[PDB]
Structure formats: structure tokens, C-alpha cells
Amino acid sequence: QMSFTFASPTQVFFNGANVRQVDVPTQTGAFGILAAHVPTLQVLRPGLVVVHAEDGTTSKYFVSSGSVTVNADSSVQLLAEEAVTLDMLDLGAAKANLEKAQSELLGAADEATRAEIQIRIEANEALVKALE
Amino acid sequence: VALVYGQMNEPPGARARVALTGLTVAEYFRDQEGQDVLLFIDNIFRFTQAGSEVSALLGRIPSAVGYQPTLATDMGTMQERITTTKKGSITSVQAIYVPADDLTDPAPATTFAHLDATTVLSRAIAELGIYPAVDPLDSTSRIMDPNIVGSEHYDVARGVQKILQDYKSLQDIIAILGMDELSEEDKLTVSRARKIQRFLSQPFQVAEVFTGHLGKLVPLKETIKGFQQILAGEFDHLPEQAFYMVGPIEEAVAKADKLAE
Amino acid sequence: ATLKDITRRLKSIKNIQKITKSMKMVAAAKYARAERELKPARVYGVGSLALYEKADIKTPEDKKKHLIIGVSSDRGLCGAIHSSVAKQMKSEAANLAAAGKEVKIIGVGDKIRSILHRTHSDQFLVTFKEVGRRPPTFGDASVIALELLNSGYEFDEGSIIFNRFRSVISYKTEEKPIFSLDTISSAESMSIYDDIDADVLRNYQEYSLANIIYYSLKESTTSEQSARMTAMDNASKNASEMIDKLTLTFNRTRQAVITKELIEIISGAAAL
């Protein structure tokens, strides 16, 4: 059916395992996936993987960026970039960091600099929305 | 034992005769009882040095590396009086000093021309706990030959020496951790040869007076049976500690039984 | 020889033997670290190669812009690694000399540009430095991707010549297809697939570059440490053999010097 091979440059999750539903939680718009699905290739967001492996398990965790690729025969490659868990995160660092991003966004002048501070502040705000 | 001490403070004329004096006492034991005698010479190099200094004092032009011309002849006289006869079996065990850690020096050249076993004692397997560290891998006996000691004895001895050589190689590999337990055969031969190295120890009767480990005499047939039953995989289900300082193999069985508490 | 000469030679080779055992143990420790790091990065890369194998898009012909990515070590002393990499690189360069033109290349490490100061000293476009000192990570592979993309260059085909790791003793020098422009991708198989718009697929393509470069760097560093441990093991063995031979000739030279001096003194005292 589907093989949800999750990976990240630190470690690998479920590589070669029968999974029933993966909330693939991306930039174009966070969408679930089941076994039979249309094949797709999409990049990720600072966003929120919710995996469900055949038994109603709800394991959610946070992903910086990466890439999802599914084929006809459902081989779900979710190659993330930094995949952290809810047992790994804190709150006040993200709060102070989004305040710093707000201040530097009020201080930005160049378009590349404003784009970097916007992706910084939206990573922080979707991060805190994941936190709370 | 009869002691003949020719001390260093004596002139070399009185030190090149110590081997001759102790050999004369042992030749009394050989030729008037027909006995199995042991001449233990603590040092063959000081015998050669004493003969060298005698022939230096007598005005003879010295030989090669500093020795006497008569080196092989003097070693011939003594080292061929210590041979066996039809009646007795004098046998020299002799502590030997090699100069400059060299084998091609003339005093070890003549000595190894007369030697037979060369058992190594060392500290490496002594710091492995085995007392004393008689190295077998560096001890090349001439009598180790199945035409002389038998096919079973030589088969067991080749098995033991080969399995310890393979353990030394696989010990290097398991120390560098390349395949980390390389195979089941690796772990099997490491367990076997670790048991064998623990089994090469023997409690000695001269160490009985201050250590309670009683000293056993182990005859040849029991050594053959013990190492054959260890190499045959018969006692694989025993711990390695059940072989350290035990005489025969059935007492190693009883030690494994008394350890299982 | 003289006696002090062989004493100097034995001192030198005993030091080289001890330092080569030190390099063997350092290569063993970094090999164990690279091997335990190799387990997640292998699955990551074979997943990327598996999605490009199921989406088995071919290569369009009759175009120019090719790219060879040499990924190997910066500091050598590790065997026949860079020889095989340079051989494969110039073989693909001679194969891409005919009917291809833009064989402008990128490479990492000092050894790749040092083995390329002569044959393709014009065509090496960017070079990297300090690989193989620290273990390879993802953010430095991001630096490689930024110096490939933001330093503006466009390419349609080529290869990422990476040192492939296979075992403790062996290795492999072989390529991976680097599908490069979206037109190579969006030809038929992406038209079968879904959500294959140009920006999403080209951001996917840049991330595929960072993916295969991460896989290549950790594979090459693991092969580096394995072959370096092998080379220092063999060099310690050859140095120990030559220490044994030079100790034998030192001893026979020592005995000859003692016998010569002795014959001179005895000849003097006899001719007196």
C-alpha cells in the first residue's frame, strides 16, 4: 500500500512500515494522505506531521522543511530537514524569538532581508501555534 | 637439589667451571644411579663471558664480536656432556641472556645451536593473570613433531597454537572494533581460546605454603584429554573463569559446578 | 653503512611506525563515528534515489549545460580514493567532451582541485575547502547548494561523483544522475503525477540537490575513514617490516664495528 519512510539528517522514522494516514503538513496547504492517493511532489513548511500507523495512533511532531513524494505504488518519502518532537521544544525562547523577529521586521529595509525576517517570524508563529 | 654457586666476585677461571662442577654432580647422578637429572644453569651467557675472560687473560687473540676462539669448543664440551646416555637422563634447563637483544651474537649463536625448547617467560600473560607467562607462541621446541611425541599430541598442540594465533588476530580486530563481534565463529573461537588461556595456568605446589590454591601435578595424558575436550567444543557451556588455576579438566568441571551458586 | 646512520634511520622509522598506528586508531574512531552516522543518511538518500527510480525520467539529449560534482576528501593519506575519483571525473569529462560543451564543474576539498591543476584547470568552476575535518552535516551541504545556485549557473545534466562506501576494506567510485532543470523533470512522469507547478517543482529540485549532496558527503566521509584506516594499517605493517630489516643490519654492522676495532687493537699490541 503505502510505505511512510520518514527521514531527517539526524534520524529515520518508520522506514518501510505500513501506515494508515499521514497528515502531510506543508506550505501549499496541509493535507492528509491515506494508502490510495494521487502521486505528488511537494515541499514543506514549518509545519506539523501527524502520523497514524494502522491502529489509531496520533503521533504529531514538528518539521522545519523538507520534501514529500508519493508515487502510484504508494511509497511515501517524507524527507524532512529538522524533525523535532513535542518532548523536545520550549516556549519562551520562541516567544522572545518572535518578538526579536517582529522588531527586526520593523527594522528591515531590503527585500531579501524582509523576506528572511518574514520566514523567521512565520516559522516562529506557526511554531508557537504548534506549541500551545 | 644440590647447589653450586659460582659467584660474580670470583675470577673468571672460577666462573667458567661452575657449569662443569654442577654437571659433574649431575653426572654422578646419571652414571651411578641411572636417574632423571636436571642441571639448572642460571645463565649461559655468564658461562660464555667467563670463558671469554679466561681466554682473554691467557693471551689468546680474541675471536669475533669480543669472545674467545674456543667458544664453540667449550660449549661443545659442556653441552655434550649434558646429553642423555643409556643409563641416565641428565637434562639441562638453562637461563640464557641475549646481549643487545640480538640473536646473531656468537654466544646465543652457539647456545641456540645446542638448544631444544626455548620456553619464553614474560609479563604480558602475567598481567593477563596467568602465572608465569610462559609464552608458547615464541617457544619453538624441536621435539614438537608427530613422529616423536605422537599424532594425537601434535594434533592437539597444533590446534591450541593455531587457535591462539587466530585469537591474537581477532583480538586485534575486536580491539579496533571493525565488525565488533565479527561472526559467530569469531565469538566461538574467542570464547574457546580465552578459556584455553585461562586453562594454561596451573596452581603450583611451591606456591601452596602462602596461597591456599593447592598445587597439582598434571600428567601428559590428562593435558591431552583436557585440551582435546576443550577444542572439540565439549565444554563450551562452561564459563571462562572455571579454568583459571585448575590442574586437570575434571576439576575444571567441578570448579564450574561450584561456581554455579 | 655506518652505525650512527642506521641509528638515525631506525629512530625515524620507529617514529613513523608509532605515528602511523596513531593515524590508524584516529581513523578507526572517526570511522566508527561515521558508520553510526551513516545509518540515517543512507535511508534518506536511498529514498531520494527510490523516488527518482520510480519516476524514471530519462535524459534529454543535444544540449550543453552539464555539471560534474566531485565529492571526496580535503586531506588525503587515505589510499587510492582520489585517484579513482579523478579517473572517473576525467573519463566523464572526455565522454562529455564530445557532443557536450559546458563541462564547467564543481568540486570539494583540496585534493580534487590538486588533482585538477593540469588537465581541466580551466573548467573547474568552484572548489570547496575543510571537508573531511569535521563530520559532514546538512548546513554545510546547504552552503554547497547556495554556492551552486545563488552563484548563478544553470545546468541540465551531469553527475555527482561521490566516494561510495560499501565495506570496511572496499569502496566504490560511481555516479548518480542529477536531474537538473524542471523540463527534464516535467516531461511525462510529472504530467502523470499531481501538483507539478513550476515553482513547487523547482524548489523541490533545489531540495533534491541538497539531499543528494548530503548523502554524497556522508558516504564519502565514511569511505574516507575506512580506506584511511586500511592505508595506515598497511603502512604500519610495512614500517614494522622495515624496522625489523634495519635492526638486523644494525646488529650486523655493530658486530662488524666491534670486530674491526678489536682487530686493530690486537694488531697494534702484537706488532708492538
# chains A, B, ... in the order shown; residues from 1 in each chain; ligands from 1
>>> interface_residues(of="chain C", to="chain A", cutoff="8 Å", atoms="only C-alpha atoms", output="ChimeraX atom specification")
/C:40-41,43-44,47-48,51,54-55,137-138,193-196,200-201,203-204,207
>>> interface_residues(of="chain B", to="chain C", cutoff="8 Å", atoms="only C-alpha atoms", output="PyMOL selection string")
chain B and resi 61+63-66+102+104-105+176+178
>>> write_last_selection(atoms="N, CA and C atoms", output="CSV table (one decimal), in the first residue's frame")
chain,number,residue,atom,x,y,z
B,61,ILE,N,94.6,-14.4,21.1
B,61,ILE,CA,93.9,-13.4,20.3
B,61,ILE,C,92.4,-13.7,20.3
B,63,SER,N,88.4,-13.6,19.3
B,63,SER,CA,87.6,-14.0,18.1
B,63,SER,C,86.9,-12.8,17.5
B,64,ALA,N,85.7,-13.0,17.0
B,64,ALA,CA,84.7,-12.1,16.5
B,64,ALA,C,84.3,-11.1,17.6
B,65,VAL,N,83.0,-10.8,17.7
B,65,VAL,CA,82.4,-9.7,18.5
B,65,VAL,C,82.9,-9.4,19.9
B,66,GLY,N,83.8,-10.2,20.4
B,66,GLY,CA,84.7,-9.9,21.6
B,66,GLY,C,85.0,-11.1,22.3
B,102,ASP,N,70.0,-9.3,20.6
B,102,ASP,CA,70.5,-9.8,19.4
B,102,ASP,C,70.5,-11.3,19.4
B,104,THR,N,72.0,-12.9,16.6
B,104,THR,CA,73.1,-13.3,15.8
B,104,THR,C,74.5,-13.1,16.5
B,105,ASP,N,74.4,-12.7,17.8
B,105,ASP,CA,75.6,-12.6,18.6
B,105,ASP,C,76.2,-14.0,18.8
B,176,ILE,N,40.1,-3.1,17.8
B,176,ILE,CA,39.9,-1.9,16.9
B,176,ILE,C,38.4,-1.7,16.6
B,178,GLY,N,36.1,-3.4,14.3
B,178,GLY,CA,35.7,-3.3,12.9
B,178,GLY,C,34.5,-4.0,12.5
>>> atom_distance(atom1="atom CA of residue B:19", atom2="atom CA of residue B:96")
13.1 Å
>>> residues_around(residues="stretch 113-130 of chain A", least_positions_apart="3", cutoff="10 Å", atoms="only C-alpha atoms", output="VMD selection string")
chain A and resid 45 to 48 60 to 64 86 89 to 110
>>> residues_around(residues="residue A:55", least_positions_apart="3", cutoff="9 Å", atoms="only C-alpha atoms", output="short mmCIF file (atom, residue, chain, number, x, y, z; two decimals) with N, CA, C and O atoms, in the first residue's frame")
data_model
loop_
_atom_site.label_atom_id
_atom_site.label_comp_id
_atom_site.auth_asym_id
_atom_site.auth_seq_id
_atom_site.Cartn_x
_atom_site.Cartn_y
_atom_site.Cartn_z
N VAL A 19 1.56 2.25 7.21
CA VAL A 19 0.98 3.36 7.95
C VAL A 19 -0.38 3.65 7.32
O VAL A 19 -0.56 3.49 6.12
N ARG A 20 -1.36 4.05 8.15
CA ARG A 20 -2.68 4.20 7.53
C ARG A 20 -2.96 5.64 7.09
O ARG A 20 -3.53 5.84 6.02
N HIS A 52 -0.32 8.32 11.70
CA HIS A 52 -1.33 7.38 12.17
C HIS A 52 -1.00 6.03 11.53
O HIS A 52 -1.32 5.81 10.36
#
>>> select_by_dssp(residues="chain A", states="alpha helix (DSSP H)", output="PyMOL selection string")
chain A and resi 92-107+111-131
>>> write_last_selection(atoms="C-alpha atoms", output="PDB file, in the first residue's frame")
ATOM      1  CA  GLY A  92       9.757  31.341  25.994  1.00  0.00           C
ATOM      2  CA  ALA A  93      12.645  31.024  23.549  1.00  0.00           C
ATOM      3  CA  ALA A  94      10.113  31.001  20.706  1.00  0.00           C
ATOM      4  CA  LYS A  95       8.224  33.920  22.285  1.00  0.00           C
ATOM      5  CA  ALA A  96      11.368  36.043  22.637  1.00  0.00           C
ATOM      6  CA  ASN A  97      12.496  34.980  19.157  1.00  0.00           C
ATOM      7  CA  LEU A  98       9.214  36.060  17.564  1.00  0.00           C
ATOM      8  CA  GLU A  99       9.491  39.376  19.415  1.00  0.00           C
ATOM      9  CA  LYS A 100      13.019  39.770  18.006  1.00  0.00           C
ATOM     10  CA  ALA A 101      11.649  38.884  14.570  1.00  0.00           C
ATOM     11  CA  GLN A 102       8.879  41.476  14.967  1.00  0.00           C
ATOM     12  CA  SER A 103      11.449  44.132  15.907  1.00  0.00           C
ATOM     13  CA  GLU A 104      13.825  43.234  13.066  1.00  0.00           C
ATOM     14  CA  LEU A 105      10.878  43.157  10.648  1.00  0.00           C
ATOM     15  CA  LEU A 106      10.033  46.673  11.775  1.00  0.00           C
ATOM     16  CA  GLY A 107      13.693  47.495  11.136  1.00  0.00           C
ATOM     17  CA  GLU A 111      13.581  42.852   0.109  1.00  0.00           C
ATOM     18  CA  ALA A 112      15.779  39.805   0.770  1.00  0.00           C
ATOM     19  CA  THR A 113      16.209  40.938   4.376  1.00  0.00           C
ATOM     20  CA  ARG A 114      12.451  41.445   4.766  1.00  0.00           C
ATOM     21  CA  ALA A 115      11.850  38.017   3.192  1.00  0.00           C
ATOM     22  CA  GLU A 116      14.251  36.377   5.657  1.00  0.00           C
ATOM     23  CA  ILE A 117      12.653  38.109   8.618  1.00  0.00           C
ATOM     24  CA  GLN A 118       9.170  37.151   7.354  1.00  0.00           C
ATOM     25  CA  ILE A 119      10.066  33.465   7.068  1.00  0.00           C
ATOM     26  CA  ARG A 120      11.698  33.758  10.505  1.00  0.00           C
ATOM     27  CA  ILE A 121       8.588  35.285  12.070  1.00  0.00           C
ATOM     28  CA  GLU A 122       6.191  32.877  10.345  1.00  0.00           C
ATOM     29  CA  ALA A 123       8.305  29.901  11.403  1.00  0.00           C
ATOM     30  CA  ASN A 124       8.127  31.315  14.936  1.00  0.00           C
ATOM     31  CA  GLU A 125       4.380  31.959  14.830  1.00  0.00           C
ATOM     32  CA  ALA A 126       3.438  28.571  13.342  1.00  0.00           C
ATOM     33  CA  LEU A 127       5.929  27.183  15.863  1.00  0.00           C
ATOM     34  CA  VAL A 128       4.104  28.799  18.801  1.00  0.00           C
ATOM     35  CA  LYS A 129       0.762  27.713  17.309  1.00  0.00           C
ATOM     36  CA  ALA A 130       2.201  24.194  17.415  1.00  0.00           C
ATOM     37  CA  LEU A 131       3.444  24.822  20.967  1.00  0.00           C
TER      38      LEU A 131
END
>>> residues_around(residues="residue C:105", least_positions_apart="6", cutoff="9 Å", atoms="only C-alpha atoms", output="mmCIF file with N, CA, C and O atoms, in the first residue's frame")
data_model
loop_
_atom_site.group_PDB
_atom_site.id
_atom_site.type_symbol
_atom_site.label_atom_id
_atom_site.label_comp_id
_atom_site.auth_asym_id
_atom_site.auth_seq_id
_atom_site.Cartn_x
_atom_site.Cartn_y
_atom_site.Cartn_z
ATOM 1 N N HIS C 66 26.217 20.839 -18.573
ATOM 2 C CA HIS C 66 26.483 19.680 -17.742
ATOM 3 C C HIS C 66 27.296 20.110 -16.532
ATOM 4 O O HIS C 66 27.887 21.192 -16.498
ATOM 5 N N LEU C 67 27.310 19.242 -15.528
ATOM 6 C CA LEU C 67 27.880 19.580 -14.230
ATOM 7 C C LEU C 67 28.389 18.311 -13.572
ATOM 8 O O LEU C 67 27.613 17.383 -13.330
ATOM 9 N N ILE C 68 29.684 18.269 -13.276
ATOM 10 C CA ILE C 68 30.272 17.178 -12.513
ATOM 11 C C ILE C 68 30.603 17.704 -11.124
ATOM 12 O O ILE C 68 31.279 18.735 -10.977
ATOM 13 N N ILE C 69 30.100 17.009 -10.114
ATOM 14 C CA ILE C 69 30.255 17.388 -8.720
ATOM 15 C C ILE C 69 31.236 16.399 -8.117
ATOM 16 O O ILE C 69 30.874 15.258 -7.818
ATOM 17 N N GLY C 70 32.481 16.814 -7.943
ATOM 18 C CA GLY C 70 33.428 15.933 -7.293
ATOM 19 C C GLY C 70 33.327 16.009 -5.786
ATOM 20 O O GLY C 70 33.606 17.065 -5.203
ATOM 21 N N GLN C 123 38.287 24.350 -16.487
ATOM 22 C CA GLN C 123 36.872 24.045 -16.357
ATOM 23 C C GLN C 123 36.391 23.879 -14.922
ATOM 24 O O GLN C 123 35.180 23.753 -14.724
ATOM 25 N N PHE C 124 37.269 23.857 -13.919
ATOM 26 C CA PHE C 124 36.756 23.724 -12.560
ATOM 27 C C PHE C 124 36.238 25.089 -12.123
ATOM 28 O O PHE C 124 36.969 26.082 -12.138
ATOM 29 N N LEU C 125 34.938 25.152 -11.843
ATOM 30 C CA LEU C 125 34.314 26.441 -11.587
ATOM 31 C C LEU C 125 34.333 26.787 -10.112
ATOM 32 O O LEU C 125 34.822 27.859 -9.731
ATOM 33 N N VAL C 126 33.815 25.916 -9.242
ATOM 34 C CA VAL C 126 34.001 26.264 -7.832
ATOM 35 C C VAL C 126 34.627 25.099 -7.082
ATOM 36 O O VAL C 126 34.495 23.932 -7.460
ATOM 37 N N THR C 127 35.336 25.439 -6.008
ATOM 38 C CA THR C 127 36.008 24.445 -5.196
ATOM 39 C C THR C 127 35.646 24.720 -3.743
ATOM 40 O O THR C 127 35.332 25.848 -3.370
#
>>> select_by_dssp(residues="stretch 44-128 of chain A", states="strand (DSSP E)", output="MDAnalysis selection string")
chainID A and resid 47:52 59:63 66:70 74:80 83:85
>>> atom_distance(atom1="atom CA of residue C:186", atom2="atom CA of residue C:91")
29.5 Å
>>> atom_distance(atom1="atom CA of residue B:191", atom2="atom CA of residue B:239")
8.9 Å
>>> closest_residue(among="B:236, B:222, B:116, B:42", to="residue B:143", atoms="only C-alpha atoms")
B:116
